[PDB]
Structures are given as structure tokens and as C-alpha cells.
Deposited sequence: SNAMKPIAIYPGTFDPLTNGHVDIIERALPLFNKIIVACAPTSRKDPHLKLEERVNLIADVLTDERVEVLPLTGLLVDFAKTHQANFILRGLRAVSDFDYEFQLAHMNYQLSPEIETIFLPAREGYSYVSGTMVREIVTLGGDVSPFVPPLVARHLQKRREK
């Protein structure tokens, strides 16, 4: 089986991110969750690693171009989730850009399910700042940490 990179800021990690990973796992020998910089990066990477206990998942900080990171980690797939039509336009453009940058890497999309489509990082982060309960939307460990 191939290896996939699942990049994001994960600021915070949501139930939606976890769902995408769990749903994609049967296709890949390994999924590497690559955390890009924007609370601290290392804190976020630790937090993700504690939530994602499946042995096929590795969490690392994303440095450099994603396609270079993918090459380095022997990954020929980029995993992305799609929540809405507004996502699709940007991801479609990024997939194309990354294809031109490195045609050996393929981008695949899983649709956000059910009650994950509205749950976005910037949305959840807005809630946290205003003092709202965000625990329905994130893993328990993340809620505790927030």
C-alpha cells in the first residue's frame, strides 16, 4: 500500500480531521499528519500524536514544500478533506500546482461527512476566543488542553 501525507494547521485538531484520517487509513500503509505553522507548533504536534493512537499514523511538523516533504517521507499521495464548495476551489488549484511541482504525487479528497462539514478550524478558533464550549467539535484531549 502507498503512503499519504495529511497536511494542515490543526489549530485546533477537530473531530472532522480525525474522521478524515480514520476513513482514509484502509487505503494507505501509513498516514503522516504534517502540521504546518500558523498554540505552539510542538505543543500541537504532541497533542495530535496523543489523540491519534493508530500505529499507521505518524505526526510530524511540516517544513518546506509539501511535495518535497512527501518525497522525503516516501509518500506519493496527499490526503485532503473537502467540507464545502469554497474549499474545493482552493484545493483544486493547490492540487494542480502540486502536480506541476511534482507529477509523481497524487492528491485525493474525502468528503467531510454528516455533522463535520460546518466545523472548521477558524470557526472553532473564533468560538474559543469568545469563551464558548468547543468540546463537541474536538477530541476530549484537545478540549482539556483548550
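- Unmodelled regions (deposited sequence positions with no C-alpha coordinates, counted from 1) are 1-4, 43-48, 157-162.
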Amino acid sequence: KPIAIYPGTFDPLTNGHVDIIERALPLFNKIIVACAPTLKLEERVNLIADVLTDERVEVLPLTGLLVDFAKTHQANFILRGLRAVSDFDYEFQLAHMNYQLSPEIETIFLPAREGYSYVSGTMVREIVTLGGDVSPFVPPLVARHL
From here on, numbers count along this sequence of modelled residues.
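- Averaged over Cα atoms, the B-factor as recorded in the entry is higher for 115-123 than for the other of 115-123 and 46-54.
- Stretches 129-137 and 15-23 differ in mean CA B factor, with 129-137 having the higher one.
- Each of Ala95, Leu79, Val85, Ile32 has a CA temperature factor in the record; the biggest one is found at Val85.
- Taking only the listed residues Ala36, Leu39, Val59, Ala70, the entry reports the highest CA temperature factor at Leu39.
- In the PDB entry, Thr107 places in the lowest third of its chain by CA B-factor.
- When all modelled residues of the chain are sorted by CA temperature factor, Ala143 is found within the highest third.
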